[PDB]
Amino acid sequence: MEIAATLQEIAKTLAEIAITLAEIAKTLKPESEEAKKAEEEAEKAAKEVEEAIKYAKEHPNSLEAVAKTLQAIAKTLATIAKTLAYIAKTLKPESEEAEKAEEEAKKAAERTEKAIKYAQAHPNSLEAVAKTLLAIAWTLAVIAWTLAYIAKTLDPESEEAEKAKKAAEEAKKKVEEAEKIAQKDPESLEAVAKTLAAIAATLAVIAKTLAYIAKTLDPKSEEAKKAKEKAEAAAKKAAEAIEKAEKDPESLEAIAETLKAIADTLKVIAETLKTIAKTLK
């Protein structure tokens, strides 16, 4: 269908997400240098997203356009994970899980830095695409784990908090299986489809966890209540695409449908995050 165009939409939504998350950090800690750095890095990521989108529009349907957009997506997710771990550290400064989130986000950024290095040395290679996609998947797994920790911190007595933790662990297992498949044959579409499937499953967990957080932060907000059904519909859409991707892992149609589900889930996440950003003000 429209692989390259859908990646441009994914990159744009992630840039908006990074900016909103930096606004939340500044709302929680107005005088902190970390929230200042979060805003500066989110702006830098948005600039690289803009540059990649303009480059791809001029080189339609090319491996280079795909690689450059995936690199912007990976860098944007790296700063999201770092800023989110800082937020988790703000809620419970002396908690060991907060220190673990910061360490996990740092390691995800190093993996992202190494994948981009390889991709820049092999811009005409599918191995570069699969490597960058795996860095994206691992960073999303860190985000999902950190977000489930935040959810548990707001209401440790809640069954939904443990459901988010278990869901994040299952998405991590999907990333681990994708990394195994890609390592065995990184120049096949199988590696791309299975890694995209893990990404879609992880974003589905994130969207449902984020909708729970919005509702917990503002039980009387009608916008926050609506995020549950919206995240569930996006999660069902991802589940459909994942089933196609594991049925025909070398299908271009399966790859396209999975990218569409990723883009749609990110739109729900971005909307939900905006509701949270207003709640905290």
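Position 1 is the first residue in the sequence shown; the rest follow in order.
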property	result
1-9 versus 270-278 - greater average Cα B-factor per the deposited record	1-9
Higher-B stretch (mean Cα B-factor, as the entry records it), 182-190 or 165-173	182-190
C-alpha B-factor winner, where the candidates are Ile80, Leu91, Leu140, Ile73	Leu91
Which of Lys131, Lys107, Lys208, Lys117 ranks first by CA B-factor in the deposited coordinates	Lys117
Within-chain third of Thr69 by Cα B-factor, per the entry	lowest
Chain thirds of CA B-factor: placement of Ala201	lowest
Chain third (lowest, middle, highest) by recorded CA B-factor, residue given as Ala98	highest
Chain thirds of CA B-factor: placement of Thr112	middle
Third of the chain, ranked by Cα B-factor, where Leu84 sits	lowest
